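Engineer: Below is one structure. I have some questions about it.
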Amino acid sequence: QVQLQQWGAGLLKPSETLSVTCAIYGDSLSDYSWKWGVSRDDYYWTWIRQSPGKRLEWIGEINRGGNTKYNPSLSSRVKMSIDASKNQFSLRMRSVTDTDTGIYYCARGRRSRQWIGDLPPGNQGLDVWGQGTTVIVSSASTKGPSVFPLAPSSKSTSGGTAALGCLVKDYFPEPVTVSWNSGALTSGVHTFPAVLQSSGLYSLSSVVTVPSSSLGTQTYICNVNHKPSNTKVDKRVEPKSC
Amino acid sequence: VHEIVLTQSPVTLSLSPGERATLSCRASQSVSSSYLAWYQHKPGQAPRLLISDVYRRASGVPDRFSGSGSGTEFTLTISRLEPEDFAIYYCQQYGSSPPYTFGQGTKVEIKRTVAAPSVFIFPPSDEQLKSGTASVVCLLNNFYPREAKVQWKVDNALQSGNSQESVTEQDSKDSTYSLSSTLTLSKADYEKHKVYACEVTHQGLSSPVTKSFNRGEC
């Protein structure tokens, strides 16, 4: 069982240098003994990335010997290093701009023409992936969200059921977590994916449907947590007439 | 620009569990069958290799996943769909010539009966108005299919360029969608009008549904 783990997160201003690392477990890079399967020189340690509204992009690869191969769209800004003293390999991307925001995965590609005994499944592909490191490039500074109450009214009521919510607006960066009544309310909750406004800040909504008759009995609080800004906000959503 | 370009079809496949799924991946120029790979991807989870080399299954891939191709058109087939198989599927050329580009992806969706959305509207709050901004929210709750049209009207005038939309993933319970649309104005632009309306068009609605309010009511 060969696994990859990615540590850290990315928060960069434009023109800065991104540096991401990946650690391998379940296999050694300083093991030069080929007695079964494929040679450890046929492994190509790969960086891939994906932006929210785009397809996956092969960033590049480096092998155990140091030979690198870079996507020509990134090759001018990309450097790739590897070290078997820690079984790790890293990517350095210079001159980052807003276009480089996304999820960065490390993977193991396998390209073998020769083997001893059996060719393990997963040749000619990326057979082992990391979970993904989030990287955000923006001119915006870290900002905690403003939480405004989407108050229930006659215009948000249908058959004894009323909708009520929280507008989590103007925060940076992702992500935020939203709970209701300190987690004691889970049924009928919808938290929407954040949308990036032209101002560079994120905004989203979290709504829940409750019994109408309970609006005079129950008190509803939304708990918004933004870890990058170290903020937690508890907002009470009080009913209104409109 | 020597790069091979892959294109997947359809963009979204809507089927039920137990049915047969087929996903197509067309290359701009012929690629050897030995260098075409398929991956499965679920949101928040790492991508998983399915088919590689000459249509050979990767580690821990069940027998219901098969692959075929001719060099220019390739096909990933799922004989019967288990619930855990609804996700995104990508194709990639790997091993032929770098860069090893991907397709745009195909989404596999659960096909259910047509469900009309519940339309609700939320006016701005005094907290936000005291900051110089006004956001009106329109929520469409539990609908299918995902195709829905949300329009903002201010004094019976259609708005453009000051609203944002967001849709949730498919629900693991009732397999429906939910949409939130936020219309944002300045306090001045907001208070210069009276009627704010959200008009919704959906397959499950005979005629469009309008949820409106007067700024003087709130």
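Ordering of the structure tokens sets the chain letters (A, B, ...), residue numbers begin anew at 1 in every chain, and ligands are numbered from 1 in the order given.
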Define the interface residues of chain B facing chain A as those within 7 Å, counting only C-alpha atoms, and report them as a ChimeraX atom specification.
Structural biologist: /B:35,37,45-47,49,52-53,57-59,94-95,99-104,120-122,125,127-128,166-168,213,217-218
Engineer: Write out as JSON, numbers by chain each polymer residue whose atoms come within 7 Å of residue B:137, counting only C-alpha atoms; drop sequence neighbours fewer than 3 positions from it.
Structural biologist: {"B": [121, 122, 123, 180, 181, 182, 183]}
Engineer: Write out as JSON, numbers by chain each polymer residue whose atoms come within 7 Å of residue A:236, counting only C-alpha atoms; drop sequence neighbours fewer than 3 positions from it.
Structural biologist: {"A": [220, 221, 222]}
Engineer: Mind pulling up the distance from atom CA of residue B:172 to atom CA of residue B:65?
Structural biologist: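 A separation of 22.7 Å between them.
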Engineer: For stretch 138-155 of chain B, please output as a PyMOL selection string all residues within 6 Å (counting only C-alpha atoms; exclusion window: fewer than 2 positions along the same chain).
Structural biologist: chain B and resi 114-121+157-159+176-181+195-202
Engineer: Put those residues in a file: N, CA and C atoms, as a PDB file, in the first residue's frame.
Structural biologist:
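Produced file part.pdb, reproduced below:
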```pdb
ATOM      1  N   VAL B 114     -39.678  14.454 -12.031  1.00  0.00           N
ATOM      2  CA  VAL B 114     -39.587  15.907 -12.083  1.00  0.00           C
ATOM      3  C   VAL B 114     -40.176  16.497 -10.810  1.00  0.00           C
ATOM      4  N   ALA B 115     -39.415  17.372 -10.156  1.00  0.00           N
ATOM      5  CA  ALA B 115     -39.832  18.010  -8.915  1.00  0.00           C
ATOM      6  C   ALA B 115     -39.741  19.520  -9.068  1.00  0.00           C
ATOM      7  N   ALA B 116     -40.818  20.215  -8.707  1.00  0.00           N
ATOM      8  CA  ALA B 116     -40.846  21.667  -8.810  1.00  0.00           C
ATOM      9  C   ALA B 116     -40.195  22.296  -7.580  1.00  0.00           C
ATOM     10  N   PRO B 117     -39.469  23.397  -7.750  1.00  0.00           N
ATOM     11  CA  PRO B 117     -38.807  24.029  -6.607  1.00  0.00           C
ATOM     12  C   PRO B 117     -39.773  24.833  -5.754  1.00  0.00           C
ATOM     13  N   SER B 118     -39.468  24.887  -4.460  1.00  0.00           N
ATOM     14  CA  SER B 118     -40.135  25.812  -3.554  1.00  0.00           C
ATOM     15  C   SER B 118     -39.391  27.139  -3.611  1.00  0.00           C
ATOM     16  N   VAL B 119     -40.102  28.216  -3.927  1.00  0.00           N
ATOM     17  CA  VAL B 119     -39.483  29.516  -4.160  1.00  0.00           C
ATOM     18  C   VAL B 119     -39.723  30.402  -2.944  1.00  0.00           C
ATOM     19  N   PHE B 120     -38.637  30.896  -2.349  1.00  0.00           N
ATOM     20  CA  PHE B 120     -38.700  31.800  -1.211  1.00  0.00           C
ATOM     21  C   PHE B 120     -37.824  33.012  -1.489  1.00  0.00           C
ATOM     22  N   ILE B 121     -38.156  34.139  -0.862  1.00  0.00           N
ATOM     23  CA  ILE B 121     -37.387  35.367  -1.025  1.00  0.00           C
ATOM     24  C   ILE B 121     -37.136  35.988   0.344  1.00  0.00           C
ATOM     25  N   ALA B 157     -38.531  45.678 -14.172  1.00  0.00           N
ATOM     26  CA  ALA B 157     -37.417  45.812 -15.101  1.00  0.00           C
ATOM     27  C   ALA B 157     -36.392  44.719 -14.834  1.00  0.00           C
ATOM     28  N   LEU B 158     -36.034  43.978 -15.881  1.00  0.00           N
ATOM     29  CA  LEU B 158     -35.094  42.876 -15.734  1.00  0.00           C
ATOM     30  C   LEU B 158     -33.697  43.395 -15.407  1.00  0.00           C
ATOM     31  N   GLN B 159     -33.052  42.750 -14.440  1.00  0.00           N
ATOM     32  CA  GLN B 159     -31.709  43.106 -14.012  1.00  0.00           C
ATOM     33  C   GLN B 159     -30.680  42.228 -14.711  1.00  0.00           C
ATOM     34  N   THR B 176     -32.334  15.762  -5.191  1.00  0.00           N
ATOM     35  CA  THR B 176     -32.769  17.036  -5.744  1.00  0.00           C
ATOM     36  C   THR B 176     -31.634  18.052  -5.666  1.00  0.00           C
ATOM     37  N   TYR B 177     -31.883  19.223  -6.242  1.00  0.00           N
ATOM     38  CA  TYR B 177     -30.951  20.336  -6.213  1.00  0.00           C
ATOM     39  C   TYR B 177     -31.570  21.507  -5.464  1.00  0.00           C
ATOM     40  N   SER B 178     -30.715  22.442  -5.065  1.00  0.00           N
ATOM     41  CA  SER B 178     -31.160  23.689  -4.466  1.00  0.00           C
ATOM     42  C   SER B 178     -30.319  24.825  -5.022  1.00  0.00           C
ATOM     43  N   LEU B 179     -30.961  25.965  -5.261  1.00  0.00           N
ATOM     44  CA  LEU B 179     -30.304  27.112  -5.866  1.00  0.00           C
ATOM     45  C   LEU B 179     -30.510  28.342  -4.994  1.00  0.00           C
ATOM     46  N   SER B 180     -29.458  29.142  -4.869  1.00  0.00           N
ATOM     47  CA  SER B 180     -29.509  30.411  -4.160  1.00  0.00           C
ATOM     48  C   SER B 180     -29.008  31.502  -5.091  1.00  0.00           C
ATOM     49  N   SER B 181     -29.817  32.544  -5.271  1.00  0.00           N
ATOM     50  CA  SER B 181     -29.456  33.689  -6.093  1.00  0.00           C
ATOM     51  C   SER B 181     -29.470  34.942  -5.231  1.00  0.00           C
ATOM     52  N   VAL B 195     -40.443  47.871  -5.696  1.00  0.00           N
ATOM     53  CA  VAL B 195     -40.832  46.473  -5.864  1.00  0.00           C
ATOM     54  C   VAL B 195     -39.618  45.653  -6.285  1.00  0.00           C
ATOM     55  N   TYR B 196     -39.387  44.538  -5.590  1.00  0.00           N
ATOM     56  CA  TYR B 196     -38.300  43.618  -5.910  1.00  0.00           C
ATOM     57  C   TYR B 196     -38.888  42.227  -6.075  1.00  0.00           C
ATOM     58  N   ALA B 197     -38.641  41.604  -7.229  1.00  0.00           N
ATOM     59  CA  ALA B 197     -39.296  40.358  -7.590  1.00  0.00           C
ATOM     60  C   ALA B 197     -38.292  39.362  -8.150  1.00  0.00           C
ATOM     61  N   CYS B 198     -38.547  38.090  -7.855  1.00  0.00           N
ATOM     62  CA  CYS B 198     -37.757  36.962  -8.327  1.00  0.00           C
ATOM     63  C   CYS B 198     -38.674  36.054  -9.134  1.00  0.00           C
ATOM     64  N   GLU B 199     -38.364  35.890 -10.418  1.00  0.00           N
ATOM     65  CA  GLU B 199     -39.172  35.106 -11.345  1.00  0.00           C
ATOM     66  C   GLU B 199     -38.438  33.817 -11.683  1.00  0.00           C
ATOM     67  N   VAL B 200     -39.140  32.692 -11.571  1.00  0.00           N
ATOM     68  CA  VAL B 200     -38.545  31.367 -11.662  1.00  0.00           C
ATOM     69  C   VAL B 200     -39.245  30.590 -12.766  1.00  0.00           C
ATOM     70  N   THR B 201     -38.451  30.044 -13.683  1.00  0.00           N
ATOM     71  CA  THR B 201     -38.920  29.159 -14.740  1.00  0.00           C
ATOM     72  C   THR B 201     -38.292  27.790 -14.535  1.00  0.00           C
ATOM     73  N   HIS B 202     -39.120  26.750 -14.588  1.00  0.00           N
ATOM     74  CA  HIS B 202     -38.660  25.387 -14.381  1.00  0.00           C
ATOM     75  C   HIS B 202     -39.610  24.444 -15.103  1.00  0.00           C
TER      76      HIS B 202
END
```
Engineer: What is the atom CA of residue A:67-atom CA of residue A:81 distance in Å, reported with one decimal?
Structural biologist: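 About the pair atom CA of residue A:67 and atom CA of residue A:81: they are 9.6 Å apart.
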Engineer: When you look at residue B:23 with a cut-off of 10 Å (counting only C-alpha atoms), what residues show up, excluding the ones that are within fewer than 5 positions of it in the same chain? I need them as a PDB file with C-alpha atoms, in the first residue's frame.
Structural biologist:
```
ATOM      1  CA  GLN B   8     -15.748  13.872 -23.454  1.00  0.00           C
ATOM      2  CA  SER B   9     -19.446  13.220 -24.043  1.00  0.00           C
ATOM      3  CA  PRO B  10     -21.964  13.743 -22.751  1.00  0.00           C
ATOM      4  CA  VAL B  11     -21.367  16.624 -20.338  1.00  0.00           C
ATOM      5  CA  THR B  12     -23.953  15.098 -17.983  1.00  0.00           C
ATOM      6  CA  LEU B  13     -25.407  11.581 -18.039  1.00  0.00           C
ATOM      7  CA  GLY B  67     -12.914   0.032 -21.462  1.00  0.00           C
ATOM      8  CA  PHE B  74     -12.670   5.574 -26.526  1.00  0.00           C
ATOM      9  CA  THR B  75     -15.482   4.367 -24.291  1.00  0.00           C
ATOM     10  CA  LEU B  76     -15.768   3.669 -20.572  1.00  0.00           C
ATOM     11  CA  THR B  77     -18.651   1.309 -19.792  1.00  0.00           C
ATOM     12  CA  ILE B  78     -20.311   0.578 -16.451  1.00  0.00           C
ATOM     13  CA  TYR B  89     -15.140  10.657 -14.880  1.00  0.00           C
ATOM     14  CA  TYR B  90     -12.095  11.903 -16.780  1.00  0.00           C
ATOM     15  CA  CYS B  91     -10.000  10.501 -19.601  1.00  0.00           C
ATOM     16  CA  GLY B 105     -15.070  15.444 -17.569  1.00  0.00           C
ATOM     17  CA  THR B 106     -18.473  13.763 -17.588  1.00  0.00           C
ATOM     18  CA  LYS B 107     -20.885  13.964 -14.650  1.00  0.00           C
ATOM     19  CA  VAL B 108     -23.075  10.946 -13.862  1.00  0.00           C
TER      20      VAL B 108
END
```
Engineer: Leaving out residue A:32 and any residue of its chain fewer than 6 positions from it, which residues lie within 12 Å of it when counting only C-alpha atoms, given as a list in words?
Structural biologist: residues 38, 39, 40, 41, 64, 65 and 84 of chain A
